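Observations on chain architecture
Given next are the chains, with one letter for each unit.
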Amino acid sequence: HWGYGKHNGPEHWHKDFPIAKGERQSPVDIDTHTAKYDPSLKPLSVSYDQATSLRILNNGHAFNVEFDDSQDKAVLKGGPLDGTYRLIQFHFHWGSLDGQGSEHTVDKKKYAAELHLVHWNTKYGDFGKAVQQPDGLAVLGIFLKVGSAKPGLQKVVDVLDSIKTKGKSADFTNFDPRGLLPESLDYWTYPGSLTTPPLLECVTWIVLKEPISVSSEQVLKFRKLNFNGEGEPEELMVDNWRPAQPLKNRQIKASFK
Ligand SMILES: CCCCCOc1ccc(S(N)(=O)=O)cc1
Ligand code: NA
Ligand code: NA
Ligand SMILES: [Zn+2]
């Protein structure tokens, strides 16, 4: 099965997922000087006040915080999007060291980690149908740098001990994802893909310019998770990021001048 090791990592994925070499793969490097300000881009509308988190799961690749997406509660609208996208889960990618971990890069800069808030287009009815469409998903990406602690992240950090290994989950209700945002909703946007297998080309990427700060202690706890299941040899869950992919025939557009 695919993973992030030398034997099964990003260089191998194309053998079982040939779209890995497709025309709109993610992540990409964001070249800030050539991303063009688009004054027709609308402000992002993030409506998370009614979000219903349910559970946190170590899936062997990251941890996912899952939401009740059986109704229009937490939704993303506006920005580059047409119509309404429902939040289904968030997760992170991070490094073994503070100098790497993000998937997107900014003028080749790697951040310590990257948060992905995953949403699906309600006009397709379910996430499974949305991932059969080129406009099925919208992922809001937020960079993490190491500095002061992020108070809204600490509830996540403090549950990780209970989901150390692949396949473990824990009840995780009443978590407010508004506590993970930065102040500004300035963003870059481009058409891309899932960054893990199956690498499907369904995503409108919306990457916020402003990183959130997290403390060294917070990200260190991410790095104590395990890729392996219980009873198996311990493999620290670190460096679960895909490198930047060729931009090909795409443009990145900035919401801000
Ligand atoms: C039909 C596949 C469902 C399982 C995979 O779902 C994903 C995978 C990657 C991302 S990401 N890193 O691009 O945000 C978001 C959702
Ligand atoms: Na451009
Ligand atoms: Na419901
Ligand atoms: Zn992701």
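With respect to the coordination of the zinc ion (ligand 4)
- Protein coordination at the zinc ion (ligand 4) comes from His91 (NE2), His93 (NE2) and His116 (ND1), with a distance range of 2.0 Å.
- Each of the four donor atoms bound to the zinc ion (ligand 4) contributes to angles spanning 99 to 117°, and the resulting shape is tetrahedral.
- Here the donor residues of the zinc ion (ligand 4) are spaced in sequence according to H-x1-H-x22-H. Remark: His116 occurs in strand 9 (residues 113–121) and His91 occurs in strand 7 (residues 85–94); sequence separation between them is 25 residues. Across the pair, exposure class does not vary: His91 and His116 are buried alike.

A closer look at the layout of surface pockets
- Roughly 430 Å³ of internal volume is contained in the largest pocket.
- At the level of secondary structure, the elements contributing two or more residues to the lining of the largest pocket comprise strand 7 and strand 9.
- At four residues, strand 7 tops the list of elements feeding residues into the lining of the largest pocket.
- Taken together, the residues of the lining of the largest pocket sort by class into 11 nonpolar, 11 polar and no charged.

A word on the site of ligand 1
- Around ligand 1, 13 residues are found, and the nearest of them are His91, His93, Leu194, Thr195 and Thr196.
- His116 has a polar side-chain atom sitting 3.4 Å from an oxygen atom of ligand 1.
- The side chain of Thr195 places a nitrogen or oxygen atom 2.9 Å from a nitrogen atom of ligand 1.
- Bound to the protein, ligand 1 loses 78% of the 440 Å² it would expose on its own.
- Judged by the fraction of its atoms near the pocket grid, ligand 1 is located in the largest pocket.

Concerning the UniProt feature "active site" in the protein chain
- Look at the UniProt record and you will see "active site" annotated at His61.
- Topologically, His61 is positioned in the loop between strand 4 (53–58) and strand 5 (63–67).
- The exposure class assigned to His61 is partly exposed, which follows from its relative accessible area of 22%.
- Sequence-distant contacts of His61, defined by excluding residues within four places in its chain, comprise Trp2, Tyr4, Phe227, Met237 and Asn240.

About the thresholds
Residues numbered from 1 in each chain as written, not as in the entry; some residues may be left out. Chains lettered and ligands numbered in written order. Heavy atoms only, no water. Residues with missing side-chain atoms left out of burial classes, pairs and counts. Donors = N, O, S within 2.8 Å, 3.2 Å for Na, K, Ca; no water. Tetrahedral: all angles 85-135°; square planar, octahedral: opposite > 155°, others 65-115°. Helix = DSSP H or I, 4+ residues; strand = E, 2+ residues; numbered from the N terminus. Buried < 20%, exposed > 50% of the residue type's maximum accessible area, 1.4 Å probe, protein only. 1 Å grid on protein atoms, 1.4 Å probe; cavity = no way out; pocket = protein on both sides within 12 Å on 5 of 7 lines; lining within 4 Å. Points joined across faces, edges and corners; volume = space filled by probe spheres on them. Nonpolar A, V, L, I, M, F, W, Y, C, P; charged D, E, K, R; others polar. Near = heavy atom within 4 Å. Polar contact = N/O pair within 3.5 Å; in protein donor to acceptor, adjacent residues only side chain to side chain. Areas by Shrake-Rupley, 256 points an atom, 1.4 Å probe, with all protein chains shown as cover. Sits in = over half its atoms within 2 Å of the grid points. UniProt positions renumbered as here; feature names shortened; annotations may be inferred. Contact = heavy atoms within 4.5 Å.

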